[PDB]
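Take a look at the structure below.
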Amino acid sequence: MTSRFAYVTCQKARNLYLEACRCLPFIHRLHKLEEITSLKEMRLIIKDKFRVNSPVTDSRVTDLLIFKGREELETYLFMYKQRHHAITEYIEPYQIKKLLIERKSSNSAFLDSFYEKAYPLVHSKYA
Amino acid sequence: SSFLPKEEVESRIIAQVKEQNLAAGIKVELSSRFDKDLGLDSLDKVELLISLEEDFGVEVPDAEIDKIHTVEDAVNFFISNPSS
Amino acid sequence: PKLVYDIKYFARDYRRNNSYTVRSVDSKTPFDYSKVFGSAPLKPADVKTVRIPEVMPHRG
Amino acid sequence: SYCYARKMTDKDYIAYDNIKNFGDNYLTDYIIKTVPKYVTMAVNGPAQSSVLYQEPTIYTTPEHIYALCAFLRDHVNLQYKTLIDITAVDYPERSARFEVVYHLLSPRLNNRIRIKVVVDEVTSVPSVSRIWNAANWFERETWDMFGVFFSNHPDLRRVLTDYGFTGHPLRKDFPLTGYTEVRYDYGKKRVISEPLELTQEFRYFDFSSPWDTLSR
Amino acid sequence: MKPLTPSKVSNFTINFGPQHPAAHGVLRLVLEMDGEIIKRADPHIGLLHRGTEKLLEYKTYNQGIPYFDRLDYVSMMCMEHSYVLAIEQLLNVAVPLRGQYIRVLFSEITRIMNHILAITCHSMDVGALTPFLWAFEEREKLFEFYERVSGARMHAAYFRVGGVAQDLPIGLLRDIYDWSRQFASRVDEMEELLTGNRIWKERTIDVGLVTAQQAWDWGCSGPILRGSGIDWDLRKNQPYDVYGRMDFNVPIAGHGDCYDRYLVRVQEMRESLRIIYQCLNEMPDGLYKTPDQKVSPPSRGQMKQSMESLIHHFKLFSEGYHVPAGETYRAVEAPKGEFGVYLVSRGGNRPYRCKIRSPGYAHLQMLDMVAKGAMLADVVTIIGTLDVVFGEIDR
Amino acid sequence: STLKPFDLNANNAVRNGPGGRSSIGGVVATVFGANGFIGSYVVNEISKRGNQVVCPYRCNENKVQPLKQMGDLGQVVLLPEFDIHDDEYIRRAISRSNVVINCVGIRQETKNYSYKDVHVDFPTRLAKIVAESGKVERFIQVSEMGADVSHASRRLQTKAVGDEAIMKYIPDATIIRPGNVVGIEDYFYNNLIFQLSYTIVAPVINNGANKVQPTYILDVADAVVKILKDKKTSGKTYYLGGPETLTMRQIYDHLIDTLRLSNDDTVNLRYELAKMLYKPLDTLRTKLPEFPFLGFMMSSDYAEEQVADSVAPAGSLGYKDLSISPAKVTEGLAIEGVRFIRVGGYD
Amino acid sequence: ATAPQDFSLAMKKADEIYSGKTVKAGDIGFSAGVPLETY
Amino acid sequence: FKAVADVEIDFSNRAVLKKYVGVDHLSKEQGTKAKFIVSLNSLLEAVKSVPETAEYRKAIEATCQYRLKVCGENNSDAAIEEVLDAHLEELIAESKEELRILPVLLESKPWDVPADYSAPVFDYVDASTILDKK
Ligand SMILES: NC(=O)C1=CN([C@@H]2O[C@H](COP(=O)(O)OP(=O)(O)OC[C@H]3O[C@@H](n4cnc5c(N)ncnc54)[C@H](OP(=O)(O)O)[C@@H]3O)[C@@H](O)[C@H]2O)C=CC1
Ligand SMILES: CCCCCCCCCCCC(=O)SCCNC(=O)CCNC(=O)[C@H](O)C(C)(C)COP(=O)(O)O
């Protein structure tokens with residue numbers, strides 16, 4: 001059966017992102033989101049969700065983060081979360097950001113926060 | 001092995017490449033590494049491949065994604081494949 | 001009640017008088033299986049039983 | 001083994017004398033001598049079964065937990081056929097914050113045993129579901145509340161917390177009220193989550209005495 | 001060169017939502033069914049998770065007793081009993097005999113109402129509504145005893161560390177004894193309508209079959225164990241109060257089907273009646289709470305006449321007692337199974353960790369194994385025999 | 001983004017908190033017409049930010065039920081008996097209020113109330129009562145875009161006369177003039193759909209030539225907030241038209257498309273015929289109670305306002321001055337409501 | 001100062017027997033899942 | 001215990017008892033004395049793989065010897081049940097359950113420990129013992 005002629009995961013997050021992108025049309029159809037949002041538009045949000053966790057470098061923390069992101073995808077894929085959840089948490093803020101018109105403030109960042117509130121660390125609602 | 005014209009597929013892929021924020025300005029042509037010439041990130045590369053998925057109705061293997069590196073390489077991959 | 005005119009908590013203080021001792025166990029010393037199975041019954045007659053405790057501890 | 005009903009009358013005994021003695025005073029020594037590699041330390045303390053008796057607590061490492069549990073279930077003398085619950089306790093003062101606690105029952109021995117595995121946030125504990133099927137939900141709850149990952153679990157998912165919850169609530173560093181609050185908006189006809197605001201704040205009353213000694 | 005054989009595929013991933021003729025509470029159940037037969041059941045819980053365990057950590061030990069009453073609204077006394085027993089073990093506090101008797105008596109009473117509700121609500125889920133209404137009048141008579149001893153019909157908070165909150169009001173023992181004189185006849189009336197009925201037999205026989213090995217593997221307790229042939233009762237195997245004195249026999253069945261567990265629960269009601277009669281006749285006289293006033297509040301005249309008693313009252317109603325550092329797990333035979341509390345104390349006036357072991361959590365985990373090969377209609381009966389309470393499942 | 005204050009005097013003292021439901025905003029508001037379509041969203045915007053809203057309503061507990069949820073404890077005050085002719089009640093309603101919003105209007109006439117009462121007399125009387133107080137700092141009146149003194153329709157003419165009276169008594173009032181407002185509880189798309197589906201024939205005045213600039217309800221509600229957060233807006237009229245100008249025929253066609261109606265049910269009821277069919281029916285309306293069968297669409301005033309172009313004047317203030325980008329009313333979330341009815345994959 | 005000679009003995013002993021694996025500073029905060037503005 | 005069946009059956013028959021309580025679920029075999037002897041001897045053969053000077057092997061040898069003795073003096077199969085507090089069927093299943101974990105114990109070899117191995121044991125002393133007397 002032999003002749004001499006016979007024989008002659010640093011990127012775990014990339015795989016998780018590929019899984020999310022490939023599963024995106026299924027959640028669009030399951031969650032009736034075709035008309036509200038486009039596939040590319042959601043594909044854009046998923047990257048920002050990935051980019052928030054860039055600073056970490058430990059492999060074990062990376063494993064935990066990937067498992068949690070897989071859980072987030074599985075919630076939508078398995079219909080644990082609902083259509084209104086998808087509207088509220090992803091599509092609406094992204095559309096709001098595009099529709100936002102703001103005046104480029106001449107005051108620096110310090111002046112604006114000083115005018116706004118005494119303790120900058122406290123959040124503002126309905127900004 | 002080119003199932004469809006090289007000029008057409010190249011124009012289309014570079015059209016989608018332009019859609020990404022960077023990968024433009026002075027050099028948007030062939031012989032441009034996605035991550036070493038265009039400033040693209042790996043996730044952005046995967047999304048670009050998915051956008052080409054929508055444009056040419058054909059899938060890309062993940063191991064091929066490990067193999068693809070350039071604008072020449074992506075157009076070569078899409079021209080080679082009969083479904084195109 | 002014998003506690004009306006005779007007050008002594010330190011005699012009746014069980015909460016703060018508990019302690020933990022320390023021992024070291026080693027694998028070299030063999031276990032005594034004579035203790036476990038020497039007292040075990042070999043026939044129905046020798047069976048001994050532990051009765052259910054009727055009441056829980058009370059001070060009286 | 002399985003306490004199948006055998007005696008129709010006069011089963012007044014709590015258990016036999018020999019079975020009680022072997023488990024009243026030889027149980028920890030027997031475990032340590034029989035399976036020494038698994039055990040790191042042992043504590044005999046107030047009994048889980050009763051006030052009067054004494055029940056063992058065994059500390060073991062995450063790597064040996066599966067084999068120790070398998071030994072405990074199927075050893076002829078020690079038959080802990082039942083997993084009562086699985087729990088974790090957060091100790092922020094320690095480097096290894098979490099102490100995963102396993103509670104078992106031997107119906108034959110009429111005894112309770114407690115097994116502790118001390119881990120941190122990054123390390124994982126092998127799942128013992130193959131030994132006891134009841135573990136699956138208990139380990140899922142431990143993952144949800146404390147964030148302890150269980151390896152080779154069939155499907156590790158959150159159970160109690162709301163969908164989309166990312167924090168682990170029973171961690172001592174998690175706020176009692178949490179970070180978000182839920183309200184219905186009239187403008188967007190949806191029930192939405194918003195950052196927390198409290199009309200009346202939780203009032204922590206510091207009752208500690210300088211003269212107390214029981215505090216460790 | 002021998003042909004291979006293909007198979008079939010299952011679809012119909014139904015969602016069975018909160019549904020009134022089922023165990024009380026909100027149940028979201030995702031069922032995968034091949035046709036009309038179920039292939040997988042995945043119960044979705046957390047719909048009544050109120051964060052009880054973490055809230056306990058911010059309260060003092062006496063301030064956290066009302067949590068256990070509300071964990072299980074059917075059986076309050078048994079739920080708070082385990083908590084007070086664990087605190088007593090860590091505190092090394094001895095309960096007087098009268099209080100031990102009062103605890104055992106009211107534990108049996110709540111056991112009886114739990115079994116009444118379980119059986120009659122299960123019959124309602126089947127579709128028979130007469131036993132259900134026939135039972136509420138008895139349950140009212142027992143709620144009247146609660147409102148007499150505590151002033152609250154449901155959330156009494158009557159069991160306290162070292163005894164009971166107040167003593168039995170005069171005339172209570174006579175009234176309980178009268179309810180007992182008529183209880184057996186009422187139970188027989190209910191038993192005729194359910195037992196012997198062909199439709200009830202057909203609905204319940206050979207449904208939800210469990211074997212002893214399966215029960216121990218999944219961590220089940222109580223009626224599930226005893227309907228399969230396991231002679232295991234905590235009140236007998238691991239007595240926790242004057243239960244050891246009490247004379248009663250474990251009810252045992254062997255098939256494991258729904259009917260066997262129903263029969264076990266009826267016989268358990270009868271055994272509880274026997275225990276109540278013994279409690280009534282042998283009720284001792286004396287203290288109902290522990291004499292120690294460093295763990296129990298002083299009496300009101302005593303606080304109003306003595307300086308030490310006013311000091312103890314002030315420091316027990318502001319700071320509370322300090323529990324010595326230690327850990328304990330104390331379990332009680334609740335009507336639904338074994339309910340236990342794993343209490344971790346570091347020496348302060350507040351619990352560091354209070355894990356609650358749910359008897360119904362493991363039963364809901366067992367739901368999938370039990371409800372395999374069954375039908376959409378059988379799920380309701382199977383849930384009924386588990387008798388799951390979701391405030392109790394979701395702490 | 002940085003939260004901008006409500007530009008009200010001494011707000012800096014009273015205001016405190018993040019700006020949410022439980023925070024304190026220094027705005028006490030009397031919104032007349034709160035239970036209406038426009039008023040409810042304005043109440044929601046004001047109360048969402050921790051402010052207190054006084055809502056005078058004509059006795060109807062079920063109609064004002066949604067307003068109860070709008071705010072935290074004691075923030076939404078519902079006054080039970082509102083009459084446009086009662087001065088003392090109006091004075092009581094605006095006693096503690098530093099901003100007053102008037103959304104009270106009638107689409108059609110009845111026997112009890114005519115256009116001249118609601119759209120003219122009430123604004124003038126309320127304007128005098130607000131002027132005498134002095135505590136009220138901001139006044140906002142909501143009107144139609146097409147309102148003009150030289151308008152054939154009586155509704156749009158009386159509205160403009162009332163706005164002029166308001167401008168006379170309070171010079172610093174802001175006149176918000178939105179277009180046809182699209183919403184879940186709107187009277188634009190809902191009436192058009194009911195016309196297309198449960199009516200024998202859909203009469204379209206002329207051929208749908210009339211141009212309109214529909215706007216989404218959330219945009220107008222946000223515009224109200226931006227009016228209140230700037231004092232420089234006072235004394236100015238803002239024409240809050242939508243992003244896109246559309247003819248009525250396009251909107252009818254696009255509703256037919258989104259609902260996937262079998263074909264076009266619309267007919268050409270040209271003008272000069274509606275002016276004869278509905279002219280007696282107006283006299284019928286003025287002598288009979290409110291009846292669901294006929295209303296709004298079946299009036300000569302509607303035909304007169306559907307023969308003109310209700311579009312913003314070229315030189316005019318709008319959403320851009322308020323730094324708001326209006327959302328398209330023919331796509332996105334705005335159109336979801338009609339979308340749920342039918343989209344051709346539905347039923 | 002002498003010794004507690006109680007459960008704290010086993011507490012300290014569990015401390016000295018066991019240990020935690022080293023991670024880069026701040027990495028665990030991402031695993032925690034709380035809002036990042038907390039840190 | 002108390003049977004929950006209205007039907008009248010004899011529980012001294014020593015087979016009707018087993019049918020009622022469901023021992024047949026545990027094992028369909030009758031479970032005679034000879035089967036118990038065979039199971040114990042097979043366990044003794046199995047534990048030969050464990051090293052001779054291993055505490056676990058000594059434990060299994062001692063337990064098997066005790067149970068073979070209890071089979072010895074008692075000629076009645078019910079008497080063995082009384083002495084061992086178990087049905088003969090579950091006693092037989094016990095040795096098989098022991099057989100199941102031998103592979104897992106031979107993979108990790110728990111008995112290998114260094115000659116300085118020391119497991120600290122903490123014991124609780126009750127105050128009731130000291131307070132009442134010494
Ligand atoms: N398409 C739109 O929605 C647009 C609306 N506008 C203008 O905004 C105003 C309101 O809009 P909308 O909310 O849609 O109209 P609504 O009729 O929906 O709201 C009218 C409000 O005024 C109240 N009201 C009417 N007549 C009287 C009266 N005689 N006495 C007391 N209260 C009265 C109503 O209360 P009750 O329910 O008891 O009558 C209701 O709360 C109108 O003037 C309208 O022209 C501006 C642009 C477009
Ligand atoms: C509607 C459904 C939406 C679903 C949303 C799912 C969102 C999931 C979010 C989870 C985020 C993570 O996993 S974060 C995974 C762990 N984070 C890390 O940083 C580890 C290594 N990181 C990097 O290399 C770079 O930061 C990186 C930019 C990632 C380049 O990715 P590559 O390694 O390839 O090069």
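Residue numbering restarts at 1 for every chain of the structure tokens, chains are lettered A, B, ... in their displayed order, and ligands are numbered from 1 as they appear.
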
Considering only C-alpha atoms, extract the chain G residues located within 7 Å of chain D and return them as an MDAnalysis selection string.
chainID G and resid 8 15 18:20 32:34

Set the cut-off to 8 Å and count only C-alpha atoms: what are the residues of chain D that reach chain E? Output as a ChimeraX atom specification.
/D:2-5,14-15,46-51,81-85,87,89,107,110,132-134,137,159-162,169-170,176,207-208,214-216

Write as a PyMOL selection string the residues around ligand 2, taking 9 Å as the cut-off and counting only C-alpha atoms and all ligand atoms.
(chain A and resi 9-17+20-21+23-24+27-28+42-43+45-59+61-77+86+90) or (chain B and resi 41-43)

Mind dumping the selected residues with C-alpha atoms as a short mmCIF file (atom, residue, chain, number, x, y, z; two decimals), in the first residue's frame?
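Resulting contents of result_29.cif:
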data_model
loop_
_atom_site.label_atom_id
_atom_site.label_comp_id
_atom_site.auth_asym_id
_atom_site.auth_seq_id
_atom_site.Cartn_x
_atom_site.Cartn_y
_atom_site.Cartn_z
CA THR A 9 -6.64 30.06 19.14
CA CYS A 10 -5.43 33.65 19.40
CA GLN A 11 -8.50 34.55 17.31
CA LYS A 12 -11.35 33.10 19.39
CA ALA A 13 -13.18 36.43 19.21
CA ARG A 14 -12.94 36.37 15.41
CA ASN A 15 -14.69 32.99 15.38
CA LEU A 16 -17.39 34.24 17.73
CA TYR A 17 -17.93 37.31 15.53
CA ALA A 20 -22.78 36.13 15.09
CA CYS A 21 -22.59 37.42 11.51
CA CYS A 23 -26.53 33.78 12.55
CA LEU A 24 -27.74 37.36 11.95
CA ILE A 27 -32.51 36.28 14.16
CA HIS A 28 -33.76 38.89 11.68
CA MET A 42 -26.75 45.15 12.80
CA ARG A 43 -23.37 43.76 11.72
CA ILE A 45 -23.39 47.25 16.09
CA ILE A 46 -21.93 43.84 16.86
CA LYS A 47 -18.39 45.13 16.28
CA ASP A 48 -18.81 47.92 18.83
CA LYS A 49 -20.10 45.36 21.32
CA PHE A 50 -16.90 43.40 20.64
CA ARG A 51 -14.63 46.46 20.81
CA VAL A 52 -15.70 47.45 24.32
CA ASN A 53 -13.68 44.49 25.73
CA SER A 54 -10.45 45.08 23.77
CA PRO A 55 -8.08 45.92 26.70
CA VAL A 56 -8.12 42.42 28.24
CA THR A 57 -5.17 40.17 27.39
CA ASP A 58 -5.47 37.22 29.80
CA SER A 59 -6.56 34.02 28.06
CA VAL A 61 -10.74 36.21 31.08
CA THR A 62 -11.02 36.07 27.29
CA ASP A 63 -12.60 32.61 27.56
CA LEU A 64 -15.17 33.87 30.07
CA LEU A 65 -15.98 36.91 27.93
CA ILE A 66 -16.43 34.74 24.82
CA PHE A 67 -18.73 32.36 26.69
CA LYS A 68 -20.84 35.31 27.88
CA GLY A 69 -21.03 36.79 24.37
CA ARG A 70 -22.12 33.40 23.04
CA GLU A 71 -24.84 33.46 25.70
CA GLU A 72 -25.94 36.91 24.50
CA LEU A 73 -26.21 35.60 20.93
CA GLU A 74 -28.05 32.45 22.05
CA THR A 75 -30.71 34.47 23.87
CA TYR A 76 -31.84 36.11 20.62
CA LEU A 77 -31.31 32.96 18.56
CA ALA A 86 -33.83 43.82 20.24
CA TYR A 90 -29.57 47.51 19.69
CA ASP B 41 -9.13 45.19 11.88
CA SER B 42 -9.72 41.42 11.82
CA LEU B 43 -13.42 41.76 12.69
#

Mind checking DSSP for region 65-129 of chain D and telling me the alpha helix (DSSP H) residues as a ChimeraX atom specification?
/D:65-74

What parts of region 21-58 of chain C does DSSP call strand (DSSP E)? I'd like the answer as a PDB file with N, CA, C and O atoms, in the first residue's frame.
ATOM      1  N   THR C  21     -10.542  22.127  68.420  1.00  0.00           N
ATOM      2  CA  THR C  21      -9.216  21.550  68.568  1.00  0.00           C
ATOM      3  C   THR C  21      -8.645  21.150  67.206  1.00  0.00           C
ATOM      4  O   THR C  21      -9.336  21.156  66.185  1.00  0.00           O
ATOM      5  N   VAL C  22      -7.359  20.800  67.201  1.00  0.00           N
ATOM      6  CA  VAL C  22      -6.620  20.533  65.973  1.00  0.00           C
ATOM      7  C   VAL C  22      -5.937  19.175  66.078  1.00  0.00           C
ATOM      8  O   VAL C  22      -5.350  18.843  67.113  1.00  0.00           O
ATOM      9  N   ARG C  23      -6.015  18.391  65.002  1.00  0.00           N
ATOM     10  CA  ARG C  23      -5.253  17.157  64.869  1.00  0.00           C
ATOM     11  C   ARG C  23      -4.634  17.077  63.481  1.00  0.00           C
ATOM     12  O   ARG C  23      -5.053  17.767  62.548  1.00  0.00           O
ATOM     13  N   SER C  24      -3.620  16.223  63.360  1.00  0.00           N
ATOM     14  CA  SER C  24      -2.967  15.924  62.092  1.00  0.00           C
ATOM     15  C   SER C  24      -3.103  14.436  61.802  1.00  0.00           C
ATOM     16  O   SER C  24      -2.795  13.604  62.662  1.00  0.00           O
ATOM     17  N   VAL C  25      -3.562  14.102  60.597  1.00  0.00           N
ATOM     18  CA  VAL C  25      -3.757  12.718  60.176  1.00  0.00           C
ATOM     19  C   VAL C  25      -2.767  12.396  59.064  1.00  0.00           C
ATOM     20  O   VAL C  25      -2.522  13.223  58.179  1.00  0.00           O
ATOM     21  N   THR C  49     -29.328  -1.691  68.082  1.00  0.00           N
ATOM     22  CA  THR C  49     -29.954  -0.568  67.406  1.00  0.00           C
ATOM     23  C   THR C  49     -29.864   0.695  68.252  1.00  0.00           C
ATOM     24  O   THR C  49     -29.847   0.639  69.486  1.00  0.00           O
ATOM     25  N   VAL C  50     -29.813   1.838  67.572  1.00  0.00           N
ATOM     26  CA  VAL C  50     -29.809   3.146  68.218  1.00  0.00           C
ATOM     27  C   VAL C  50     -31.216   3.721  68.128  1.00  0.00           C
ATOM     28  O   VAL C  50     -31.763   3.880  67.031  1.00  0.00           O
ATOM     29  N   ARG C  51     -31.807   4.011  69.282  1.00  0.00           N
ATOM     30  CA  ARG C  51     -33.164   4.535  69.330  1.00  0.00           C
ATOM     31  C   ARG C  51     -33.203   6.005  68.917  1.00  0.00           C
ATOM     32  O   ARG C  51     -32.234   6.750  69.092  1.00  0.00           O
TER      33      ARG C  51
END

I'd like a table as CSV: residues in chain D with an atom no more than 9 Å from chain H, each row giving the shortest atom pair and its distance in Å to one decimal, only C-alpha atoms counted, sorted by chain and rising residue number.
residue,atom,partner,partner_atom,distance
D:1,CA,H:90,CA,6.8
D:2,CA,H:90,CA,7.3
D:3,CA,H:86,CA,7.9
D:4,CA,H:21,CA,6.8
D:5,CA,H:21,CA,6.4
D:6,CA,H:87,CA,7.0
D:7,CA,H:1,CA,7.5
D:8,CA,H:1,CA,5.5
D:9,CA,H:1,CA,6.8
D:11,CA,H:1,CA,8.4
D:16,CA,H:85,CA,8.4
D:28,CA,H:121,CA,8.4
D:29,CA,H:121,CA,8.9
D:32,CA,H:119,CA,7.2
D:33,CA,H:55,CA,6.4
D:34,CA,H:56,CA,4.8
D:35,CA,H:110,CA,5.3
D:36,CA,H:110,CA,6.2
D:37,CA,H:110,CA,4.9
D:38,CA,H:110,CA,6.7
D:39,CA,H:119,CA,7.2
D:40,CA,H:119,CA,5.8
D:41,CA,H:120,CA,5.0
D:42,CA,H:121,CA,4.7
D:43,CA,H:122,CA,4.5
D:44,CA,H:123,CA,4.6
D:45,CA,H:124,CA,4.8
D:46,CA,H:124,CA,7.0
D:54,CA,H:124,CA,8.2
D:64,CA,H:108,CA,8.6
D:67,CA,H:104,CA,6.6
D:70,CA,H:101,CA,6.5
D:71,CA,H:101,CA,6.6
D:73,CA,H:97,CA,8.8
D:74,CA,H:98,CA,5.3
D:75,CA,H:98,CA,5.6
D:76,CA,H:98,CA,6.2
D:77,CA,H:63,CA,7.8
D:108,CA,H:85,CA,8.6

Compute the set of protein, DNA and RNA residues whose minimum atom distance to ligand 1 is at most 8 Å, using only C-alpha atoms and all ligand atoms, and state it as a PyMOL selection string.
chain F and resi 32-40+57-60+63+82-84+103-107+112-113+117-119+142-145+159+177-182+186-188

So how far away is CA of residue 82 (chain B) from CA of residue 70 (chain B), in Å?
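Those two atoms sit 20.5 Å apart.
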
Applying 7 Å and only C-alpha atoms, which residues near residue 80 (chain E) remain after dropping the ones on its own chain fewer than 4 positions away? List them as a PDB file with C-alpha atoms, in the first residue's frame.
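out16.pdb written:
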ATOM      1  CA  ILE E  65     -37.362  35.292  59.391  1.00  0.00           C
ATOM      2  CA  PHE E  68     -38.807  32.187  54.848  1.00  0.00           C
ATOM      3  CA  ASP E  69     -42.574  32.473  55.326  1.00  0.00           C
ATOM      4  CA  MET E  76     -44.887  28.910  55.994  1.00  0.00           C
ATOM      5  CA  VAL E  84     -34.660  29.073  63.286  1.00  0.00           C
ATOM      6  CA  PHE E 159     -41.539  30.537  65.070  1.00  0.00           C
TER       7      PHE E 159
END

Give me the residues within 6 Å of region 112-127 of chain A as a VMD selection string, counting only C-alpha atoms and dropping any in the same chain fewer than 4 places off.
chain F and resid 3 18 to 20

Using only C-alpha atoms, find the residues of chain G whose closest atom to chain A is at most 9 Å away, then write them as a ChimeraX atom specification.
/G:23-24,26-28,30-31,37

Selection above as a file: C-alpha atoms, as a PDB file, in the first residue's frame:
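Written output follows (result_34.pdb):
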ATOM      1  CA  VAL G  23      -4.128  37.979  36.293  1.00  0.00           C
ATOM      2  CA  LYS G  24      -3.424  41.380  34.775  1.00  0.00           C
ATOM      3  CA  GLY G  26      -8.419  45.161  35.614  1.00  0.00           C
ATOM      4  CA  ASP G  27      -9.038  41.978  33.616  1.00  0.00           C
ATOM      5  CA  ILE G  28     -11.419  40.549  36.240  1.00  0.00           C
ATOM      6  CA  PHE G  30     -14.519  42.897  32.591  1.00  0.00           C
ATOM      7  CA  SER G  31     -15.465  39.370  33.694  1.00  0.00           C
ATOM      8  CA  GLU G  37     -18.075  53.278  34.540  1.00  0.00           C
TER       9      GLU G  37
END

I'd like the contact shell of residue 31 (chain B) - 10 Å cut-off, only C-alpha atoms, skipping same-chain residues fewer than 2 positions apart - returned as a list in words.
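So the residues in contact are residues 27, 28, 29, 33, 34, 37, 69, 70, 71, 72 and 73 of chain B.
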
Could you pull the residues within 9 Å of residue 67 (chain H), counting only C-alpha atoms, minus those fewer than 4 positions along the same chain, as a ChimeraX atom specification?
/C:42 /H:37,40,62-63,71-72,80,84
